[PDB]
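Below you'll find only one chain, the form deposited in one PDB entry, shown as structure tokens.
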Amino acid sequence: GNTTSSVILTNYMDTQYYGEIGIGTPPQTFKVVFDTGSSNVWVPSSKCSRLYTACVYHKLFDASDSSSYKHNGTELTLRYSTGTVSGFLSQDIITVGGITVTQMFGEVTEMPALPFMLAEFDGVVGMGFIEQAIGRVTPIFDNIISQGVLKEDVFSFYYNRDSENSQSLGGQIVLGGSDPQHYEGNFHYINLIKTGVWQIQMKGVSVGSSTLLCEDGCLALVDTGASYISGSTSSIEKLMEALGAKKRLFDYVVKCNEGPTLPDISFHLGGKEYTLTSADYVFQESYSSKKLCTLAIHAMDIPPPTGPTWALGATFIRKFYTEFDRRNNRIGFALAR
């Protein structure tokens, strides 16, 4: 094809980057996360019981008001690291930044308050492969590819650092290419181990001088939907000990005064070193000794086949403009701007 389509994203507190999609005729609009760590499209359904408070706060899809709706009704359960959703399959017309696709998506009827009440987004757009799609439903990007409209069989992610300003731009996804306005230098491509998962080989994690972890290799899933960089509980508990961070219920803290003194964290990928400074991974809300600052790193035990793995989420993507190459089954990284 000849076309490139861009989706503008909203940056919510550096943890959620969401765009807009339209479903049905006339379009019903939803705030969605474009997730490379999953392959299914879902939105909350009007058929969701209002005893799920998450369904009371989010925008619901009503099939009754869509003229393009095609019923299916097959049940589906989508299990994620942070929680689970259930619903049934439905078919309709989806609009993603100028591209219109006939897509099979989940109408969510069971949506727990934890974590979904914390979500600013209503639904999810899975950017993974059909190999990871629950119910073997064709993912949205495969359907866009089938239209033969895109210049390249690629998609890119730009996540902005700045969240507290307007006119700034929260982020951007480019379908069919990369925006050279948002990166500098050249892409360094790392090939995927196998097709089916946006996962690459990682050959070490360095805290300061020493390569404290992942010597003899480990895995790294490049997940656009993950707020933070994650590792296994054992890798994390070890990394956090090295930094001097204190384990809480869910997230790790450090004394705000100690934040800028923290050592650099480096990730060995495709023979290159991808380094994060303490400015990149500490939520530096203050410098007070009497205050605690959160780190944009946490533990996540991802079960097999995918895991155990590290996950390079928004924390990593903010520093490195990421290109997802479906044609050559590789991931490209470049310094973001």
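In this text, rigid core is short for the largest set of C-alphas that superpose within 1.5 Å between two forms. The numbering used is simple: start at 1 and walk along the sequence shown.
The form deposited in another entry is left out here; the points below concern that form.
Among the candidates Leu175, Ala220, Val108, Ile229, displacement between this form and the one not shown reaches 2 angstroms at the C-alpha for one position only, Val108 (superposition on the rigid core). With the core held fixed, the Cα of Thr15 is displaced between this form and the one not shown by 2 Å or more. Put the two forms on the same core and the Cα of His298 is off by less than 2 Å between this form and the one not shown. With the core held fixed, the Cα of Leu118 is displaced between this form and the one not shown by 2 Å or more.
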